[PDB]
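Engineer: Below you will find the structure I want to go over with you.
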Amino acid sequence: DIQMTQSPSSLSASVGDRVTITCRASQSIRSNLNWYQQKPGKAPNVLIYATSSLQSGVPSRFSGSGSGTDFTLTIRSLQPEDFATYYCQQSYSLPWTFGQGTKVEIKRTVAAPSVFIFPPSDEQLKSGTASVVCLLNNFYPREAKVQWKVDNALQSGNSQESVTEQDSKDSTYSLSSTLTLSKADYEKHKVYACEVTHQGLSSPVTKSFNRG
Amino acid sequence: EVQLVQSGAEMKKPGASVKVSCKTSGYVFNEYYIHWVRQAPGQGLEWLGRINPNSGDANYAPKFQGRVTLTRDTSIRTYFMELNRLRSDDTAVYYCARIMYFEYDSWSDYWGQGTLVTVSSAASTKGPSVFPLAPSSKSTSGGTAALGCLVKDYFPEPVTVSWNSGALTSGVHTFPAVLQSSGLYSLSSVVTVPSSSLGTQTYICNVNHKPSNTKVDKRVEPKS
Amino acid sequence: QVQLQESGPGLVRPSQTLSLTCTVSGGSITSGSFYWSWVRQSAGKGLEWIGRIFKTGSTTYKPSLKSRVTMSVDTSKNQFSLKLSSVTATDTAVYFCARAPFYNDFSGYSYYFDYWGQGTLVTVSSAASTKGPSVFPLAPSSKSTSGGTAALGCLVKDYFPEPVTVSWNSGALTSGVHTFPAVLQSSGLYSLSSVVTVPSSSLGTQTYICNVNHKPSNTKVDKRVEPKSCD
Amino acid sequence: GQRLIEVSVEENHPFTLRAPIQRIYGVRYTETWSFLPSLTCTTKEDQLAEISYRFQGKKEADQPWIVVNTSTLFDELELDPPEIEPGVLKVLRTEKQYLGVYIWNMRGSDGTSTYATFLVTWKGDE
Amino acid sequence: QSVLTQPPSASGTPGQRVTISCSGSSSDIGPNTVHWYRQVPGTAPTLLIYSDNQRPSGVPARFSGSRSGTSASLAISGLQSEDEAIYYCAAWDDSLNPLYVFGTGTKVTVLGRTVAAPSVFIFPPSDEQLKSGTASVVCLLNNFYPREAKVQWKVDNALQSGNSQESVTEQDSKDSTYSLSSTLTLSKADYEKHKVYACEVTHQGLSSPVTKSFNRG
């Protein structure tokens, strides 16, 4: 087997910037190296084959070069749609081995989150469980804090967050913090709030509602 | 239009055998190889094998030799992969792809959609429970308004959520699942829409869970 | 683009020699792996293979006919030719020329006819002699007059040997044209009818002509069908 | 290549050897034909011709190819050389010097190799 | 001299899979390949299958062929009105006396088509043929299915016999409807006896016989 190493493993770069990923092979694979682009929730997509040949439809900012052991993929003008993981694959000898992948994240102007709060649904409240959802809509950078406060009591161990992958148009992230309480516990307290701190917020934003 | 369509997601118990299908269309079936790749959860790509439509002959990777079998049915234009002696390490998304050749160069032009195989000791695919994330910001939703659907508890993955049967594609954020203490999964899909359309346009989330063969549609409306 | 055409049909008296030739278009017979061959079909007796020739002159004949069948080729004029001797009445058939690919594979010897030619009815009969056909007008009337169409035609009555071709308005009329198969009359002469369905709104507003081609007697007859005097 | 493909040819009659296979689009293929005149005898074989091509698979567009090499064996005997095409070998006038074993080999960019052996004799003369 | 044995006729409704067989020896089909041809009446045969399974360009994939030992077969899957023709198989006999053996012939008839009722037309005798001393009355059935019909020449309510001949077209390529012509050649001496002549047609699509008569005019 030909062990294929990819470097860097993850790069952060801005729009309109030259980006070069590298693939190295344990032996010489001649021109038999292809480059693939996996976008979230989708199958890998080929961009360059034969070490330099561009695939039909694929943008012209993608270029390939190299020979034998070392090869390089170059994106001249980064665009927000290029957020993906990039893999290199040898077409020389079977078994065909792939690279480890390189994730390209797009550095962007600081964007503030739009915080929304969702009280539990009576349909869910009729099952003994209450889920309270706090949503941060479109922000950059990814780093953000969501502190839950039930009757002004700082909560912990009862929350669960989930962050989306970078948008291919806004290069922004979204977060969903879920506070899961028992129905009885939810019906004991009245004030529920999620407090959000982010690089784009000069003061912490606190969304809130009253019920229970 | 080369189109490859694979079978649905499956849950299998350790030691079982999984057979994934791949129906191809839009090209000369007997003029292109088809190969199988696997992407583990959170990891990269791995080669299982390749099969020639004509000779019915296959080439397998060293790791999977003896554990994987690739077959074809040229009459129905369908390729099959079978993994035996399933183990927890075998949980992954399995892909079937066409190989285009130029001289000695090979690549995968058109890919399948993916089939998630989950090797778990659980015995029943528990369908999702959908609850409404109602769009009522105290009846003062200035500017945009957020509405959603909370998929409460489901096993295994995945769950596909769309809005308005697929018409609503702008501003839809379906967050990644979070494994819960129950051993079950959970997710939430939100969308930011104009406040003017709140009382005028119906908003239905379509939640599909193939492993349990459960599809649920749910209308979300401001509480009143 | 590959076209094959035979010499014309005609009467051959029994126990004399039949000669036919086929000309090829769209190429030359000097291309490789192609046998130029003759087969025949007598009505009721299915398909029978007469023989094949190559560009080199190597031939293969049907064994039942080897004593009497001879084949020749001409790469200069792209023409292959057949000669059948001591002919009997049972040799009356449609003689087709054809091109045949041939090759040996793991399955065996493959030899098929892909590009055929049309046919020529060679009649071996001392029962009659060649005769120009007489054409008579099957005139129209107000048939299906409760909201329908009408019909009109030509009646070829006394011709030998076969075949004969009937066209309408020099090929302009092809819709509804139903030329009928020939029947042998007790005179020893063939007869047939060619009819056409026309709209009733075209009887007195359109001219109708039939064109009869009897190649064996070098005869062509054109007849103008017109509505009867009262109609 | 299962076993010997026997070919019974008539005297001075053409013979066409055919090796049928379905190729893969874009793969580069190379074919060689070798003739052992063992029938008229009274890893060294006579490579008749070596050809190569790339499969376009349009099923209609006649495929171009390359005549890599051709031996001069049949010219030393003042006989015409065979017509070699992808998958086929043609002889226009079979003669004693054309009888014997023909070996067809095809190697492809996809890592495939195929063989085929023919034994050309005469019917009625063996 | 040899023959390849074939079923005299096969049939099926539109959409069925029809099989035609071809039985041979160990000198034909056995050692050599089988090829299948299609013949539409009035026109030359056309190649359908070569090298036991291989289809010419323009031959639909619903036509298939196979060979096992001394026998071969053809499959018309998805039988259609266009597939109604005579089908022949053929193979090479490489005996010491070689030849190309053909088949007996198999005629596929597409059943279950629209039962079309004939249109009857009675043409009275022509000019210049009456002058020739012979009268000819033509009864024409222009478009019908099936081929089975019957025309009776009633002359003054008396049935005629032995003096009429019939001709039938093969199914038209466009609509596959037969056409029939019953010519009654009764000589002038008897034709001048009256002007009353009728042809009566009985066909499956007719609820009752259709009579077309000529008198006076």
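Quick note on naming: the chains in the structure tokens go A, B, ... in the order shown, residues restart at 1 in each chain, and ligands are numbered from 1 in order of appearance.
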Step one, run DSSP on the backbone; step two, keep only residues of region 26-105 of chain B assigned to helix (DSSP H, G or I); then write them as a PyMOL selection string.
Structural biologist: chain B and resi 29-31+88-90
Engineer: Could you find all residues in region 4-66 of chain B that DSSP calls strand (DSSP E) from the backbone, and write them as a ChimeraX atom specification?
Structural biologist: /B:4-6,10-12,18-25,33-39,45-51,58-60
Engineer: In terms of the shortest atom-to-atom distance over only C-alpha atoms, which of E:84, E:156, E:172, E:190 is closest to residue 178 (chain C)?
Structural biologist: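 Among the listed residues, the smallest separation from residue 178 (chain C) belongs to E:172.
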Engineer: Select residues of chain D: the criterion is any atom within 12 Å of an atom of chain E, counting only C-alpha atoms; output as a list in words.
Structural biologist: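 Written out as asked, the residues are residues 5, 6, 7, 8, 9, 10, 18, 20, 59, 60, 122, 123, 124, 125 and 126 of chain D.
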Engineer: Please provide the set of residues having any atom within 9 Å of residue 146 (chain B), restricted to only C-alpha atoms, with same-chain residues fewer than 6 positions apart removed, written as a list in words.
Structural biologist: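 My reading of the contact set: residues 116, 117, 118, 135 and 137 of chain A; 133, 134, 135, 136, 137, 190, 191, 192, 193, 194 and 195 of chain B.
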Engineer: Output the contact residues of chain D with respect to chain C at a cut-off of 10 Å, based on only C-alpha atoms, as a PyMOL selection string.
Structural biologist: chain D and resi 1-20+83+88-93+116-118+120
Engineer: Name the residues in contact with region 40-55 of chain A at a cut-off of 7 Å, using only C-alpha atoms, excluding same-chain residues fewer than 2 positions from it; report them as an MDAnalysis selection string.
Structural biologist: (chainID A and resid 31:38 57:58 63:66 84) or (chainID B and resid 105 107:109 111 113)
Engineer: For the residues in the current selection, export N, CA, C and O atoms as a PDB file, in the first residue's frame.
Structural biologist:
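Result file follows (again_12.pdb):
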ATOM      1  N   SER A  31       1.595  10.560 -12.438  1.00  0.00           N
ATOM      2  CA  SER A  31       0.520  11.541 -12.513  1.00  0.00           C
ATOM      3  C   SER A  31      -0.785  11.030 -11.920  1.00  0.00           C
ATOM      4  O   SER A  31      -1.799  11.732 -11.998  1.00  0.00           O
ATOM      5  N   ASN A  32      -0.781   9.834 -11.330  1.00  0.00           N
ATOM      6  CA  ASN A  32      -2.006   9.173 -10.882  1.00  0.00           C
ATOM      7  C   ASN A  32      -2.390   9.665  -9.485  1.00  0.00           C
ATOM      8  O   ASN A  32      -2.383   8.927  -8.497  1.00  0.00           O
ATOM      9  N   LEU A  33      -2.740  10.947  -9.418  1.00  0.00           N
ATOM     10  CA  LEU A  33      -3.270  11.535  -8.196  1.00  0.00           C
ATOM     11  C   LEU A  33      -4.462  12.411  -8.539  1.00  0.00           C
ATOM     12  O   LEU A  33      -4.391  13.226  -9.463  1.00  0.00           O
ATOM     13  N   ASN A  34      -5.549  12.241  -7.791  1.00  0.00           N
ATOM     14  CA  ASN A  34      -6.762  13.020  -7.963  1.00  0.00           C
ATOM     15  C   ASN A  34      -7.075  13.778  -6.682  1.00  0.00           C
ATOM     16  O   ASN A  34      -6.685  13.363  -5.585  1.00  0.00           O
ATOM     17  N   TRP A  35      -7.792  14.890  -6.833  1.00  0.00           N
ATOM     18  CA  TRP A  35      -8.196  15.735  -5.718  1.00  0.00           C
ATOM     19  C   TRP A  35      -9.718  15.775  -5.652  1.00  0.00           C
ATOM     20  O   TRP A  35     -10.383  15.987  -6.673  1.00  0.00           O
ATOM     21  N   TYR A  36     -10.262  15.577  -4.452  1.00  0.00           N
ATOM     22  CA  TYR A  36     -11.695  15.527  -4.214  1.00  0.00           C
ATOM     23  C   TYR A  36     -12.086  16.560  -3.167  1.00  0.00           C
ATOM     24  O   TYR A  36     -11.311  16.865  -2.251  1.00  0.00           O
ATOM     25  N   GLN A  37     -13.314  17.063  -3.294  1.00  0.00           N
ATOM     26  CA  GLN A  37     -13.884  18.064  -2.397  1.00  0.00           C
ATOM     27  C   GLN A  37     -15.167  17.518  -1.783  1.00  0.00           C
ATOM     28  O   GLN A  37     -16.182  17.385  -2.476  1.00  0.00           O
ATOM     29  N   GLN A  38     -15.131  17.215  -0.485  1.00  0.00           N
ATOM     30  CA  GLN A  38     -16.308  16.786   0.256  1.00  0.00           C
ATOM     31  C   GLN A  38     -16.872  17.979   1.015  1.00  0.00           C
ATOM     32  O   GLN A  38     -16.210  18.526   1.907  1.00  0.00           O
ATOM     33  N   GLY A  57     -16.699  21.718 -15.489  1.00  0.00           N
ATOM     34  CA  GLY A  57     -17.538  22.553 -14.650  1.00  0.00           C
ATOM     35  C   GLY A  57     -16.843  23.133 -13.434  1.00  0.00           C
ATOM     36  O   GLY A  57     -17.225  24.202 -12.950  1.00  0.00           O
ATOM     37  N   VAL A  58     -15.822  22.438 -12.936  1.00  0.00           N
ATOM     38  CA  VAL A  58     -15.136  22.865 -11.710  1.00  0.00           C
ATOM     39  C   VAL A  58     -14.485  24.223 -11.945  1.00  0.00           C
ATOM     40  O   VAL A  58     -13.927  24.459 -13.036  1.00  0.00           O
ATOM     41  N   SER A  63      -6.136  24.522  -9.131  1.00  0.00           N
ATOM     42  CA  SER A  63      -5.007  24.093  -9.940  1.00  0.00           C
ATOM     43  C   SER A  63      -4.258  22.987  -9.212  1.00  0.00           C
ATOM     44  O   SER A  63      -4.190  22.968  -7.982  1.00  0.00           O
ATOM     45  N   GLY A  64      -3.706  22.059  -9.980  1.00  0.00           N
ATOM     46  CA  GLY A  64      -2.944  20.965  -9.415  1.00  0.00           C
ATOM     47  C   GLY A  64      -1.578  20.873 -10.058  1.00  0.00           C
ATOM     48  O   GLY A  64      -1.388  21.234 -11.218  1.00  0.00           O
ATOM     49  N   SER A  65      -0.620  20.378  -9.281  1.00  0.00           N
ATOM     50  CA  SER A  65       0.740  20.232  -9.782  1.00  0.00           C
ATOM     51  C   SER A  65       1.463  19.196  -8.934  1.00  0.00           C
ATOM     52  O   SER A  65       0.930  18.699  -7.939  1.00  0.00           O
ATOM     53  N   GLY A  66       2.688  18.884  -9.330  1.00  0.00           N
ATOM     54  CA  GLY A  66       3.523  17.933  -8.628  1.00  0.00           C
ATOM     55  C   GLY A  66       3.816  16.711  -9.475  1.00  0.00           C
ATOM     56  O   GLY A  66       3.302  16.545 -10.580  1.00  0.00           O
ATOM     57  N   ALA A  84     -14.849  23.211   2.682  1.00  0.00           N
ATOM     58  CA  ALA A  84     -15.004  21.770   2.530  1.00  0.00           C
ATOM     59  C   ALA A  84     -13.740  21.080   3.025  1.00  0.00           C
ATOM     60  O   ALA A  84     -12.747  21.727   3.373  1.00  0.00           O
TER      61      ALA A  84
ATOM     62  N   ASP B 105      -4.912   6.749 -15.868  1.00  0.00           N
ATOM     63  CA  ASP B 105      -5.448   7.570 -14.794  1.00  0.00           C
ATOM     64  C   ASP B 105      -6.891   7.184 -14.499  1.00  0.00           C
ATOM     65  O   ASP B 105      -7.672   6.910 -15.414  1.00  0.00           O
ATOM     66  N   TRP B 107     -10.412   8.064 -11.813  1.00  0.00           N
ATOM     67  CA  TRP B 107     -11.037   8.917 -10.809  1.00  0.00           C
ATOM     68  C   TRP B 107     -12.519   8.581 -10.734  1.00  0.00           C
ATOM     69  O   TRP B 107     -13.033   7.788 -11.522  1.00  0.00           O
ATOM     70  N   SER B 108     -13.198   9.176  -9.755  1.00  0.00           N
ATOM     71  CA  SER B 108     -14.610   8.902  -9.487  1.00  0.00           C
ATOM     72  C   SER B 108     -15.426  10.132  -9.869  1.00  0.00           C
ATOM     73  O   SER B 108     -15.496  11.101  -9.108  1.00  0.00           O
ATOM     74  N   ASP B 109     -16.053  10.086 -11.047  1.00  0.00           N
ATOM     75  CA  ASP B 109     -16.774  11.252 -11.550  1.00  0.00           C
ATOM     76  C   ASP B 109     -18.095  11.447 -10.812  1.00  0.00           C
ATOM     77  O   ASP B 109     -18.314  12.477 -10.165  1.00  0.00           O
ATOM     78  N   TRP B 111     -20.814  10.198  -7.966  1.00  0.00           N
ATOM     79  CA  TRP B 111     -20.914   9.473  -6.711  1.00  0.00           C
ATOM     80  C   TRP B 111     -22.368   9.173  -6.372  1.00  0.00           C
ATOM     81  O   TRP B 111     -23.294   9.849  -6.830  1.00  0.00           O
ATOM     82  N   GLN B 113     -25.320   8.486  -3.206  1.00  0.00           N
ATOM     83  CA  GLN B 113     -25.823   9.380  -2.171  1.00  0.00           C
ATOM     84  C   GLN B 113     -25.316   9.014  -0.786  1.00  0.00           C
ATOM     85  O   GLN B 113     -25.242   9.886   0.088  1.00  0.00           O
TER      86      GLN B 113
END
Engineer: Do me a favour and pick out the residues of chain E within 7 Å of chain C, using only C-alpha atoms, as a list in words.
Structural biologist: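 Within 7 Å of chain C on chain E, we get residues 1, 31, 32, 33, 35, 44, 47, 50, 51, 92, 97, 99, 100, 102, 104, 105, 121, 123, 126, 129, 167, 168 and 169 of chain E.
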Engineer: Within 10 Å of chain B, which residues belong to chain D? Use only C-alpha atoms and report them as a list in words.
Structural biologist: residues 21, 22, 23, 24, 25, 26, 27, 28, 29, 53, 54, 55, 56, 57, 58, 108, 109, 110 and 111 of chain D
Engineer: Given the selection you just returned, output its residues as a file containing N, CA and C atoms, formatted as a compact mmCIF listing (two decimals), in the first residue's frame.
Structural biologist:
# COMPACT_ATOMS: atom_id res chain seq x y z
N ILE D 21 -14.61 -8.97 -26.82
CA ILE D 21 -14.59 -8.53 -25.43
C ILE D 21 -15.23 -7.15 -25.37
N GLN D 22 -15.73 -6.80 -24.19
CA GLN D 22 -16.28 -5.47 -23.96
C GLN D 22 -15.26 -4.67 -23.16
N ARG D 23 -14.75 -3.61 -23.77
CA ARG D 23 -13.73 -2.77 -23.15
C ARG D 23 -14.37 -1.68 -22.29
N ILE D 24 -13.54 -1.04 -21.48
CA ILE D 24 -13.97 -0.02 -20.54
C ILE D 24 -13.60 1.35 -21.10
N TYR D 25 -14.53 2.29 -20.99
CA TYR D 25 -14.33 3.62 -21.55
C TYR D 25 -13.06 4.26 -21.01
N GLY D 26 -12.26 4.83 -21.92
CA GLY D 26 -11.07 5.55 -21.55
C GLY D 26 -9.84 4.70 -21.29
N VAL D 27 -10.02 3.41 -20.99
CA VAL D 27 -8.88 2.55 -20.74
C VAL D 27 -8.05 2.39 -22.01
N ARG D 28 -6.73 2.40 -21.85
CA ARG D 28 -5.83 2.20 -22.97
C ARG D 28 -5.53 0.71 -23.10
N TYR D 29 -5.66 0.19 -24.31
CA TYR D 29 -5.55 -1.24 -24.57
C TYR D 29 -4.46 -1.49 -25.60
N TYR D 53 -4.58 1.34 -28.59
CA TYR D 53 -5.65 2.30 -28.78
C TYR D 53 -6.19 2.71 -27.41
N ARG D 54 -7.09 3.69 -27.42
CA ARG D 54 -7.83 4.10 -26.23
C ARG D 54 -9.32 3.98 -26.53
N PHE D 55 -10.05 3.32 -25.64
CA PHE D 55 -11.45 3.00 -25.90
C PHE D 55 -12.32 4.25 -25.81
N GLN D 56 -13.01 4.57 -26.91
CA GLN D 56 -13.99 5.64 -26.92
C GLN D 56 -15.42 5.15 -26.75
N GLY D 57 -15.69 3.88 -27.06
CA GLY D 57 -16.95 3.24 -26.70
C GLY D 57 -18.21 3.91 -27.19
N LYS D 58 -18.12 4.76 -28.22
CA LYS D 58 -19.32 5.35 -28.80
C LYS D 58 -20.17 4.32 -29.51
N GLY D 108 -4.63 -4.14 -20.68
CA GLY D 108 -5.28 -2.85 -20.52
C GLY D 108 -4.78 -2.00 -19.37
N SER D 109 -5.00 -0.69 -19.47
CA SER D 109 -4.58 0.23 -18.42
C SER D 109 -5.26 -0.07 -17.10
N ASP D 110 -6.43 -0.70 -17.13
CA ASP D 110 -7.18 -1.04 -15.92
C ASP D 110 -6.58 -2.21 -15.18
N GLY D 111 -5.39 -2.66 -15.58
CA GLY D 111 -4.76 -3.80 -14.95
C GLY D 111 -5.34 -5.14 -15.36
Engineer: Rank nothing, just name the residue among E:120, E:48, E:184, E:159 nearest to residue 138 (chain E), using only C-alpha atoms.
Structural biologist: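 That would be E:184, the residue with the smallest distance to residue 138 (chain E).
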